[PDB]
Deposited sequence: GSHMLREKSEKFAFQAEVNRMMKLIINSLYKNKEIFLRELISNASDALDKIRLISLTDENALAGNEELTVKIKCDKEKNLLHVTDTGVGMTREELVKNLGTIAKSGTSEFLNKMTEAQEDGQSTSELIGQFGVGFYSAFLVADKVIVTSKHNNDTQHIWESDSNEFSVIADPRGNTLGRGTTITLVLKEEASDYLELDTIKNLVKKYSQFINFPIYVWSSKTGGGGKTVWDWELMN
């Protein structure tokens, strides 16, 4: 079944080329972190134990130029295993069969090419504009911490062997594409975060340097 996948994975390397300002991926991840935070914040106004697993309400972004990773972590509501599998699984599972089905449905639905290419730039799936692989670690008050992985073709999920390390919340880890290396640059990340966090009701930080040796810590962006 290697051929069909060759067409599939290729069909994307081409569509990903239509996006000039792929930076929007960060905007979508911020937005989701914001939603998750609003959900648990809202719940806490009715349930005094809701924040027990982790009292802070923040979004924290960090770059790992060595591993070529970008981490976006929020202490929002988090997702249960079922949620990772259905809310992310079906969303990011556009393999050989899924990809084709959406196209035929799009073919008969009348869904123009525009509406199609546009789907690549909105929501969680927009992460794939700059990443070959997305790893999602999440902990929701109603379940144990789990890990979900996908390369936009398939997805897998297993209980985090490390246990509850998030307290509550979600970390989005992006294994960046060679050409998306700019998103590993501190100056690039700070500017964008500052750009897309103007309307979040929560503090957004970026792990940064501050000079007396050079030390690193969370720098508030909004």
What ranges of the deposited sequence are left out of this structure? 1 to 11, 223 to 225
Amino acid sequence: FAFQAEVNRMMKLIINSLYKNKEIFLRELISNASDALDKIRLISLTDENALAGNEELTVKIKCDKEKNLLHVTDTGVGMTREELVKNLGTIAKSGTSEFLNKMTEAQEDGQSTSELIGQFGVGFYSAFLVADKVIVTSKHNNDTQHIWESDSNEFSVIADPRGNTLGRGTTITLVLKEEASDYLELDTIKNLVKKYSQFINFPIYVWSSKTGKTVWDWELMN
From here on, numbers count along this sequence of modelled residues.
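For the two forms, the rigid core is made up of the largest set of C-alpha atoms that agree within 1.5 Å on superposition.
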In 9 other deposited structures of this protein, superposed on the rigid core, which stretch sits farther off in Cα RMS terms, 121 to 129 or 74 to 82? 121 to 129
Core superposition done, the stretch whose Cα atoms deviate more in 9 other deposited structures of this protein, picking from 41 to 49 and 26 to 34, is 41 to 49
When the other PDB entries of this protein are compared, is residue 103 left blank in at least a third of them? yes
May I ask whether residue 92 is missing from the deposited models in at least a third of the other compared entries? yes
Greater mean Cα temperature factor according to the PDB record, 174 to 182 or 27 to 35: 174 to 182
Per the PDB record, is the mean Cα temperature factor higher over 14 to 22 or over 198 to 206? 14 to 22
Hey, out of 73, 126, 80, 97, whose CA B-factor is highest in the deposited coordinates? 97
For the C-alpha B-factor as written in the entry, point me to the maximum among 133, 102, 140, 146. 102
Please place residue 84 in the lowest, middle or highest third of its chain by C-alpha B factor as given in the entry. lowest
